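Handing you a structure now.
By letter and in written order, the chains are A, B, C, D, E and F; residue numbering begins at 1 in each of them.
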Amino acid sequence: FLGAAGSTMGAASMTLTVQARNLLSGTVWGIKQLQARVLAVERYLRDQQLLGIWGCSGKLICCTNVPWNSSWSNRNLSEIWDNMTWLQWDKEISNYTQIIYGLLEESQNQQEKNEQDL
Amino acid sequence: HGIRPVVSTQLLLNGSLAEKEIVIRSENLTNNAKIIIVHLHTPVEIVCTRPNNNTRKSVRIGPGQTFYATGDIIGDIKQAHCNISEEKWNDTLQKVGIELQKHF
Amino acid sequence: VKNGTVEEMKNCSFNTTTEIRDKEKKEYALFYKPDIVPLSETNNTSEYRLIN
Amino acid sequence: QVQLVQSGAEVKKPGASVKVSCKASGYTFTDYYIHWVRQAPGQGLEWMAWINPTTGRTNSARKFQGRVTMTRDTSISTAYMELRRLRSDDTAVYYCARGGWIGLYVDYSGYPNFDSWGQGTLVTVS
Amino acid sequence: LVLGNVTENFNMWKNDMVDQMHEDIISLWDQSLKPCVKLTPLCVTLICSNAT
Amino acid sequence: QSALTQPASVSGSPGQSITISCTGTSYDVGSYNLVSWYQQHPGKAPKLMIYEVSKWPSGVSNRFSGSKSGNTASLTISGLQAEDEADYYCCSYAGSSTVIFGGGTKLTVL
């Protein structure tokens, strides 16, 4: 399920479908378990929503035309794929995520205005 | 809005003020039964109190469960009352009068 | 009272089941007049009911 | 001017009872409280009780609860103080004084603003 | 499943799972007593022997 | 009995200023706005000069003034004439249904 943790970005770029699969299950007892069973679908729907706004409904490694403002990392590829791992990298880029997302939304939408004109 | 769920029967306590002026609102003003709602532009500061100094007594009713009731009274008994400033009230009442005369 | 007009409390006493056992004892309390209604089927004013 | 008149003097044995009077004039006698205060010779003042003229419901310090009876007679504007079980300690001068106004919406009963006294009556327990 | 190249922090005394477990077992305890007999008439006077 | 402790006596001479005080408790003096002062001298019933902390009755003695802070109430004199020779008493509403007095004190003049 999560054996790819601690590995490099190149390593866990493969077997992402292993993590993508296992996010739904449950059955019923009353007060809490039902509350524990609408959390799964709600979490999955939110994570799919944010991926679908950015034109990335295909659950691949989705690639984007929004520039990497160097202030976000000020770091180079050579120090990243060879050694660095996902959680450790996430602790860095986490300082800018909410700013990044809206740019993805709008860029998807200008790509949309470009596609429609016929 | 932040709704204030306070309860009252003849005067709307602690409510939010009117929009810009005293406004009257009703389902059908011509009908008697439709209870009209009058919304005021300025508040009238009411104050109420009970001068008596009650004290509470612990009576026991069966196993484990208590029941409270008023014991003696320590002060000298007086009348519980409410107070409203007259000059505010009469002026506000006349303003409601003109807003009623708009429709009558 | 001889004179004046104020609220008054109508001191009342009742035979409640006591804190322990199904033993009984007497107890007293005060009740505002709207909470109390005269009972008596005969013309007597020494016996009262709660409005419940 | 407003003034209160009092009994002359009393002499009693221990275990007996004493009644002292306090008649007032010059103001509407029902509109003010009456405060009773005791003065032992060459010693501190001891406040004793108060009474509302229009009703009963006296109250007094715990030294004298269940032992002092209090009434007023509306006919002749006279208040009366009853001490029922005397001790040798109770030898002192007894005063009556007019208290705060009897408001119908505010509790002025406990207010120390009394401003008109009697002559003081000397009670001797011997 | 074992993770090969990871490291984490743990805290016994700030752990949340205990603060849920207590509520769980208190609630499950309370279910078992709801349909059962309530006693209450047993509070009556008890006269007992002088066993010696 | 009374919590209104008071000094025993003072003394002075013409033109001086003297401040009497009484210490009560948080229950009575430190909770209510109803301290008052009284005086008496032999052969006479006592007399009022300060009521409700600092206000004056009819006529007598604008000279006297008083105030309270914490559990302490005070009466202030200045000029200190011969008529001020009297036994001054501390008084306060004691909470509940009771007023309570202090021990009293003599102003030795002049």
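Methods note: contacts are C-beta pairs under 8 Å (C-beta built on N, C-alpha and C of every residue); 3 or more make two chains touch, one makes a residue touch a chain.
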Find the most central chain, measuring centrality by the gap between its CA centroid and the centroid of all protein CA atoms shown. B
I want to compare two interfaces, B-F and B-D. Which one has more contacting C-beta pairs? B-D
Centre-of-Cα separation between subunit F and subunit D, whole angstrom: 22
So what's the Cα centroid distance for subunit C and subunit D, whole Å? 34
Per the centroid of Cα atoms for each chain, what is the distance between subunit A and subunit E, given in Å? 42
Quick one: subunit C and subunit E, Cα centre-to-centre, how many Å? 44
So subunit D residues touching two or more other chains come to 59, 104, 109-110
Taking each residue of subunit F in turn, which ones touch at least two of the other chains? 96-97
Quick check on the complex: what are the subunit D residues that touch subunit F? 35, 37, 44-47, 50, 59, 61, 95, 109-115, 117-120
In their shared complex, subunit C is touched by residues of subunit D numbered 54-56, 74, 104
Note: in the complex, subunit C contacts subunit B through residues 6-9, 16-19, 27, 29-31
Subunit C to subunit D touching residues, read off their complex: 1-4, 6
In their complex, what parts of subunit C are in touch with subunit E? 20-23
